[PDB]
């Protein structure tokens, strides 16, 4: 186990590209919980994830779940977009009876109740009703939260990861030489205190900051994401060898500055998977080929080597 903990950044980067500054902070925070220098009555981790969207917030969250608890299923997501009113609370903990399916339970509690070794992701944390924070704050004090039926749900074995892009438009400046390692984590801290109570922020083990990806990185994701496709082709002994520009073509169409790498997968679907099929069906690509994918003025181009 100690081998996993000391090496924690390697095991994480296996799926998460760059963000070393982000990755180090969570791996140091986790090393602190284990080894025993924390309050035991607190979740294994609480982190504020700040940065743009599409740049890996969730990836890390899934990865952290996969590497820390043996699976990406070990991660409960709650979107704070759908919890913005008085009727918010009653979903998270399931606060009837009488009121609809309380006999079902509350989804935060119930999820944590059935799967206590998990990673809980709250997105858009700013959107939540100020009433929701009290609930989340007690979860960080005692590490324990009583549901509506008087079942106390035990969060002490979890990792809580909140996301927001409140600090983003003032992190796109840091990016430009000006501000280096810290100073962004710190100047952004001032904008958070303008939205969040300090009783909440000082429970958070860390506010981690997530820089945008650069065309050399997008490229690296571009590769990882073919994996399934590549695997699936392999069964037919087909290889899929790309070209530098071809990679760049993907990224270009696949990376919205405000929606990060979110689009790319479908992009790959539309620009690469689609035409590929025609050819495979049309017999342009036979079983057992080295496909040479590349760019053109009407999009990607596929060629095969003169057999032999």
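Positions refer to the first chain, counted from 1.
The PDB entry reports B-factors from which the mean C-alpha value can be compared for 97-105 and 117-125; the larger average falls on 97-105. Here the stretch with the larger average CA B-factor, out of 222-230 and 172-180, is 172-180. Taking the PDB entry at face value, the top CA B factor among 190, 211, 203, 156 belongs to 190.
In the deposited entry, the Cα temperature factor of residue 89 sits in the top third of values across the chain's modelled residues. Residue-level temperature factors show residue 50 in the lowest third of its chain, judged at the C-alpha atom.
Annotation for residue 81: CA B-factor lies in the highest third of the chain's modelled residues.
Per the deposited record, the Cα B-factor of residue 163 falls in the lowest third when ranked against the other modelled residues of its chain.
When the CA B factors of the chain's modelled residues are split into thirds, the value for residue 138 lands in the lowest one.
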